[PDB]
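J.: Structure in structure tokens, see below.
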Amino acid sequence: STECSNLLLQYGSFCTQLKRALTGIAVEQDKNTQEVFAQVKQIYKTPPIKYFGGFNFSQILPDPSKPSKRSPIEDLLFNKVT
Amino acid sequence: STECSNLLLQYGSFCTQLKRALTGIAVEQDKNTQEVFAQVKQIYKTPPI
Amino acid sequence: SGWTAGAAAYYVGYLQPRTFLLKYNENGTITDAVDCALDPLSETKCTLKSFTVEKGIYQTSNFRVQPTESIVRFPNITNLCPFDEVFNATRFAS
Amino acid sequence: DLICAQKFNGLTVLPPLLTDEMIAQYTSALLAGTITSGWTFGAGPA
Amino acid sequence: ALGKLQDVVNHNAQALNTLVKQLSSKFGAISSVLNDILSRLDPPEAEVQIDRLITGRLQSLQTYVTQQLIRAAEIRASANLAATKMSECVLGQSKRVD
Amino acid sequence: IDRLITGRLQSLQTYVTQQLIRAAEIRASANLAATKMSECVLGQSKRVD
Amino acid sequence: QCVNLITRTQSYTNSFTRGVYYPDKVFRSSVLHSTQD
Amino acid sequence: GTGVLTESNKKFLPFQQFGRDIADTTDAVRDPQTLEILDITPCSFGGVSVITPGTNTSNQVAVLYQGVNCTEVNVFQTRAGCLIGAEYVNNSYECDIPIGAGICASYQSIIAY
Amino acid sequence: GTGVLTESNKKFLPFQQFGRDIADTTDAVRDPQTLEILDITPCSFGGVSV
Amino acid sequence: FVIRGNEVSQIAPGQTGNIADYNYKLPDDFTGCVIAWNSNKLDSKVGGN
Ligand SMILES: *[C@@H]1O[C@H](CO)[C@@H](O[C@@H]2O[C@H](CO)[C@@H](O)[C@H](O)[C@H]2NC(C)=O)[C@H](O)[C@H]1NC(C)=O
Ligand SMILES: *[C@@H]1O[C@H](CO)[C@@H](O)[C@H](O)[C@H]1NC(C)=O
Ligand SMILES: *[C@@H]1O[C@H](CO)[C@@H](O)[C@H](O)[C@H]1NC(C)=O
Ligand SMILES: *[C@@H]1O[C@H](CO)[C@@H](O)[C@H](O)[C@H]1NC(C)=O
Ligand SMILES: *[C@@H]1O[C@H](CO)[C@@H](O)[C@H](O)[C@H]1NC(C)=O
């Protein structure tokens, strides 16, 4: 409705304020993910032979068979959150 | 006033939103007390001497 | 005895203004409903907008005792009020 | 009469889930574990 | 066990659903549909009816944005805590109790 | 009645908004207090002040 | 020709969950709709 | 207005007719027919909380009238309010459904402890 | 309204005409001339970012 | 101009009518005054003006 937008123009910069606040929230979410996860500038890889003195990390290391390259625990976490 | 509540029904789910926010605050206060004080699941006792 | 003897059985109920919560299935038929006022649990179902209510304590409504009768208290003095002197006057002022 | 005036207009104060004596019992347990066992009760058995 | 993340998702979905539900509110006007108010009314009080709908929808949108800002502050505090735990528990061994 | 409803609704939403902001402040203080309970009472802290 | 032939007795019973009708003419699928009517 | 009309100990001056509280709501009234001061109080009311387990588990419920004495509404009196439909058990358990003021409820019927 | 009217796989009951979403937004309608169901999808939109 | 007695309500912003659509249309943001007075002595004739 164009005359509704003409009436909405009389109320000023309310829509600009709401859009700016939501843009700040949207960039803050990506920022928060950057301080949580992007803490190293080098992408490290485990050796092909995964023997660590008897310590087993297969449930937390990535699964090469899965296309998502996620750990079994991470795959369970992703399946249990909808 | 019944007709005032009938007119209040036309404003939508504002009252439900306010009640939900206050219920969240109310359970948040009890959660705060649980995090501060309920840090042990054993009630230890001082010896009598 | 000019007419054949017969019987008819029928139920009559009356409608009150009530809030209901209706469940629409995937074909669009109302399959189930809850009346809000009649049952506390059903009032919780109406508040949560769901037929399955999880374990917990839920703020639903407010109890209030209704007024029983109306009392009107006016002054006991009764005097016929002279509106006839105002509106039926033959001459008014400038 | 402030509390009655708040209550009559629909503003109620819910009590805390833990009473003051239960919070005091929590602090007494923390005192007893700290004095009798040090920092060991916070990391396992006292 | 995974309630917290699910709660975050639920809160976001619930807020968005509530905001769409606020488009069905008359807000004391004759209808919640702008085109109906156009069709059954001449302009000079239809201006008032549409103005009532506009101020109701602004109230709903500002309520949503304020709730989103408060939830964003809470989630930012949780994420700052998560970054601190990533630095101090994963990238090192911590002497901080619990 | 509609003017009274919109005034009282705006007052109630204002109250709930300040209550949410104060609840965020008190939650931050209670998280700090839980951290001090864990790190000063349940252990010895080398963090300065 | 108004003639009286019908007598009537009555009892009282429970409505159970009968008497619910469609409040409008709107298709709705797999939802929960609350109405005052 | 709606309420209960009781005796008042408020010493109204002869010119004064109405009484108001800190809230500026009508608290006392002078009747015109007999010149007596009636204290107006709102009728009894409170919040209603429904304590339930899951509907997968059971359909039994308990009702908490918040801030309401049990004489003005399995009846138990708590600081949180009056609890109807739950029996008090002297045994102490972990909290399942929080009622308040140290009182919780659980399903085993619905008990309060 | 304004929108495309695509084919619908929803089987209406014959007294119903209009259809609504979970958030009471109209998503379907029956056609009065020919008793068929049409899915109303209001027209394509987007945020333009530069 | 000169109009009929029932048409004086149509000289207004946002009005629907015969002379409002086909003779004299006022804008929605109209600012000003409307003045109406009778003219039987000058604008009427016994045979029909
Ligand atoms: C490390 O852990 C994995 C998973 O716990 C072990 O893989 C299991 O091996 C047993 C016996 O070979 C199988 O019955 C299971 O089905 C395996 N589970 C999975 C998820 O693959 C693995 O054997 C452990 N040890 C090493 C050296 O990798
Ligand atoms: C819904 O419609 C389908 C297809 O017509 C039918 O098979 C089914 O029995 C109906 N009822 C339910 C409850 O799914
Ligand atoms: C009003 O005055 C007229 C004379 O002017 C008189 O006939 C009539 O009865 C009066 N009505 C009343 C109600 O006094
Ligand atoms: C009538 O009201 C007056 C006050 O206006 C009071 O003085 C008087 O006693 C009342 N009469 C009776 C019979 O109650
Ligand atoms: C309406 O007209 C159409 C066009 O021929 C026809 O197919 C249809 O049967 C008519 N009746 C109804 C009830 O739609």
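J.: Could you tell me which residue of segment C:27-57 is farthest from ligand 3 (Cβ to nearest atom), considering only residues that are more than 30 Å from I:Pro14 (Cβ to Cβ) and of a type in the set (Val, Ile, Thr)?
T.: Filtering first and then ranking leaves C:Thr52.
J.: Output the qualifying pairs, or none if there are none: Cβ atoms under 9 angstrom, residues six or more apart or on different chains, first residue in segment G:15-37 and assigned to a loop (DSSP other than H, G, I, E, B), second residue among the basic types (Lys, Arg).
T.: G:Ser29/I:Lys10; G:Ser29/I:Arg20; G:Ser30/C:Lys23; G:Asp37/C:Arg18
J.: Show me the strands (runs of 3 or more DSSP E) found entirely inside chain I where at least 2 residues are within 13 Å of chain G (Cβ to nearest Cβ) and away from ligand 1 (no atom under 16 Å from the Cβ).
T.: Result: I:18-20, I:26-30, I:37-41.
J.: Looking at (1) at the interface with another protein chain (Cβ under 9 Å from one of its Cβ atoms); (2) of a type outside the set (S, T, N, Q); (3) out of contact with any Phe, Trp or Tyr (no Cβ under 6 Å at 6 or more places or on another chain), which is the one condition that is false for E:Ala13?
T.: Among (1) at the interface with another protein chain (Cβ under 9 Å from one of its Cβ atoms); (2) of a type outside the set (S, T, N, Q); (3) out of contact with any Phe, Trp or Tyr (no Cβ under 6 Å at 6 or more places or on another chain), the lone unmet condition for E:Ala13 is (1).
J.: I'm trying to understand the selection: among the residues of segment F:1-25, which are out of contact with any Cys (no Cβ under 8 Å at 6 or more places or on another chain), among the β-branched types (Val, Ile, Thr) and surrounded by 15 or more Cβ atoms within 10 Å (Cβ to Cβ)?
T.: Hits for segment F:1-25 are F:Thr6, F:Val16, F:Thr17.
J.: Among what's in segment D:10-29 and is more than 30 Å from B:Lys45 (Cβ to Cβ) and either of a type in the set (A, V, I, L, M) or more than 7 Å from every other protein chain (Cβ to nearest Cβ) (or both), pick the residue that is nearest to the chain's Cα centre (by Cα).
T.: D:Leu14
J.: Can you spot a residue in segment A:56-72 that is outside any loop (DSSP other than H, G, I, E, B) and out of contact with any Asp or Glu (no Cβ under 8 Å at 6 or more places or on another chain)?
T.: no
J.: Looking only at segment B:25-35, which residues are surrounded by fewer than 16 Cβ atoms within 10 Å (Cβ to Cβ) and more than 8 Å from the chain's Cα centre (by Cα)?
T.: Within segment B:25-35, just B:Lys31 meets the criteria.
J.: If you don't mind, there's one more thing I want to ask. So how many residues does segment I:1-32 have that are within 16 Å of ligand 2 (Cβ to nearest atom) and within 10 Å of the chain's Cα centre (by Cα)?
T.: Residues flagged as within 16 Å of ligand 2 (Cβ to nearest atom) and within 10 Å of the chain's Cα centre (by Cα) within segment I:1-32 amount to 3.
J.: Restricting attention to segment J:25-36, does a residue exist that is of a type in the set (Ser, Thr, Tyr), exposed (fewer than 10 other Cβ atoms within 10 Å of the Cβ) and in a loop (DSSP other than H, G, I, E, B)?
T.: yes
J.: May I pose another question? Can you name the number of the only condition in (1) within 16 Å of ligand 2 (Cβ to nearest atom); (2) in a loop (DSSP other than H, G, I, E, B) that C:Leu15 fails?
T.: (1)
J.: Continuing with this model, one more query. Inspect all residues belonging to segment C:45-61 and state whether any of them is closer than 28 Å to H:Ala112 by Cβ, exposed (fewer than 10 other Cβ atoms within 10 Å of the Cβ) and more than 16 Å from ligand 2 (Cβ to nearest atom).
T.: yes
J.: Which one of F:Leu32, F:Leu4, F:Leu20 is more than 10 Å from the chain's Cα centre (by Cα), part of a helix (DSSP H, G or I) and within 9 Å of another protein chain (Cβ to nearest Cβ)?
T.: F:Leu4
Residues are listed down the side, and each one gets a yes or a no for (1) within 16 Å of ligand 5 (Cβ to nearest atom); (2) at the interface with chain E (Cβ under 8 Å from one of its Cβ atoms); (3) in contact with a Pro (Cβ under 7 Å, 6 or more places away or on another chain):
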residue	(1), (2), (3)
A:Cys4	no, yes, no
A:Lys41	no, no, no
A:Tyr51	no, no, no
A:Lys69	no, no, yes
A:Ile73	no, no, no
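J.: Can you tell me how many residues within segment A:63-79 are surrounded by 14 or more Cβ atoms within 10 Å (Cβ to Cβ) and within 13 Å of ligand 1 (Cβ to nearest atom)?
T.: Qualifying residue count for the region: 4.
J.: While we're on this one: Out of the residues in segment D:30-46 that are facing another protein chain (nearest Cβ under 8 Å) and not small (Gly, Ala, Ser), state the one that is surrounded by the fewest Cβ atoms within 10 Å (Cβ to Cβ).
T.: D:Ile35
J.: Contact list please: Cβ distance under 7 Å, first residue in segment C:19-34 and within 7 Å of another protein chain (Cβ to nearest Cβ), second residue small (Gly, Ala, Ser) and in a strand (DSSP E or B), pairs at least six apart or on different chains.
T.: C:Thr19/G:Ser34; C:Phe20/C:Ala33; C:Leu21/C:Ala33; C:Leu21/G:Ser34; C:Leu22/C:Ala33; C:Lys23/C:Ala33
J.: Turning to a different aspect of this structure: When the residues of segment H:51-71 are narrowed to those that are within 7 Å of another protein chain (Cβ to nearest Cβ) and among the small types (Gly, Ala, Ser), which ends up surrounded by the most Cβ atoms within 10 Å (Cβ to Cβ)?
T.: Here the residue is H:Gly67.
J.: Also, quick follow-up: Would it be correct to say that E:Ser94 is within 12 Å of chain F (Cβ to nearest Cβ), small (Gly, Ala, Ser) and either in contact with a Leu (Cβ under 6 Å, 6 or more places away or on another chain) or exposed (fewer than 15 other Cβ atoms within 10 Å of the Cβ) (or both)?
T.: So E:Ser94 fits the description; yes.
J.: Do we have any residue at all in segment C:63-73 that's surrounded by 10 or more Cβ atoms within 10 Å (Cβ to Cβ), more than 16 Å from ligand 1 (Cβ to nearest atom), assigned to a strand (DSSP E or B) and within 7 Å of chain H (Cβ to nearest Cβ)?
T.: yes
J.: State the number of residues belonging to chain G that are within 14 Å of chain I (Cβ to nearest Cβ) and touching a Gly at 6+ places or on another chain (Cβ under 8 Å).
T.: 4
J.: If you don't mind, another one. Answer yes or no as to whether A:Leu22 is surrounded by 10 or more Cβ atoms within 10 Å (Cβ to Cβ), within 20 Å of E:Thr63 (Cβ to Cβ) and within 8 Å of chain E (Cβ to nearest Cβ).
T.: Answer is yes for this residue.
J.: Where residues in segment E:35-45 are at the interface with another protein chain (Cβ under 8 Å from one of its Cβ atoms) and assigned to a helix (DSSP H, G or I), which of them is surrounded by the most Cβ atoms within 10 Å (Cβ to Cβ)?
T.: E:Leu38
J.: Name the pairs: first residue in segment B:28-49 and of a type in the set (D, E, K, R), second residue part of a loop (DSSP other than H, G, I, E, B), Cβ to Cβ under 8 Å, at least 6 apart or on different chains?
T.: B:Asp30/D:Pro16; B:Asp30/D:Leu17; B:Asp30/D:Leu18
J.: Confirm whether B:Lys31 is within 14 Å of chain E (Cβ to nearest Cβ) and assigned to a helix (DSSP H, G or I).
T.: Criteria met by B:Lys31.
Read-outs: derived from the displayed coordinates by stated rules, not from any lab. Cβ atoms come from the backbone with ideal geometry, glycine included; neighbour counts cover every protein chain shown.
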